[PDB]
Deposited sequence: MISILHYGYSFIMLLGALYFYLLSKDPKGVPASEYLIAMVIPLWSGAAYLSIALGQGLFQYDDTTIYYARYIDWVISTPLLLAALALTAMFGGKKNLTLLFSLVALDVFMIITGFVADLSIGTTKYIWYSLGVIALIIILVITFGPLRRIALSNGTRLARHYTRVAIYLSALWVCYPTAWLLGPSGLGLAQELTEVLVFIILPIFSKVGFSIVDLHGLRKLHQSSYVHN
């Protein structure tokens, strides 16, 4: 079942990527960079999850789905970049703030991988550092990054706030699932975790960019 679920995921990623490419052909005031980001996220996640489908992106230590971390270390920082560019739409870009988020995010995923490879107190030290990174990301998202959004007008700010809440809601789910699942306290069955890390990603990897791009495109007056 696990194999089939991952094959299906990879196919949905491919479909999402194609949709964003088609949108890119009639961009409606949205820079090409934002379409490229939107496309890379699902395509990369697709490849990683395909490796799991083929029975390659995991090993025994319990089952460590290391392919997930290879996925997130690229996809999650790109998702943050997309959100940041949305905040900066119609204004001057703050790449310092953007790369601040990328750095925090990459560290977050790495702590997760190390934590998964760790046992006892060591595991939860790394997990904890990752959670601290996530909190700082959330503070930036609803603090200085939102103030940039507000500096770019009512309509843009309204869209940013919507996508910020969307992504933030999914963000908190991942570390919650991790902790409850076999990687953490082991309260949740492996199959449950597998389904959670199939469904969430669909909403984060494709869902987010659909909401984001449509909202931005709507700001265009042709």
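Residues 62-63, 225-229 of the deposited sequence, counted from 1, carry no C-alpha coordinates in the model.
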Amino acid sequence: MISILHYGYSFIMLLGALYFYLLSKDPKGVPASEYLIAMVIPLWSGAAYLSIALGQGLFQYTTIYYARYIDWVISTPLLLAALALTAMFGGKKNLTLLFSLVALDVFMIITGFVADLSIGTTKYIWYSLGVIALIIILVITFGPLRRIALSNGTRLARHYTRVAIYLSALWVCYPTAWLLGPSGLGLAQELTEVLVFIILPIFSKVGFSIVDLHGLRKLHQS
From here on, numbers count along this sequence of modelled residues.
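Taking the PDB entry as given, 185-193 carries the higher mean Cα B factor of the two stretches 185-193 and 36-44. Mean C-alpha B-factor is higher over 22-30 than over the other stretch, the pair under comparison being 22-30 and 150-158. Highest C-alpha temperature factor among 177, 163, 67, 170 per the entry: 170. The residue among 119, 84, 131, 110 whose C-alpha atom has the highest B-factor in the PDB entry is 119. Residue 90: CA B factor in the middle third of modelled residues in this chain (values from the PDB entry). Sort the modelled residues of the chain by CA B factor and residue 124 lands in the middle third.
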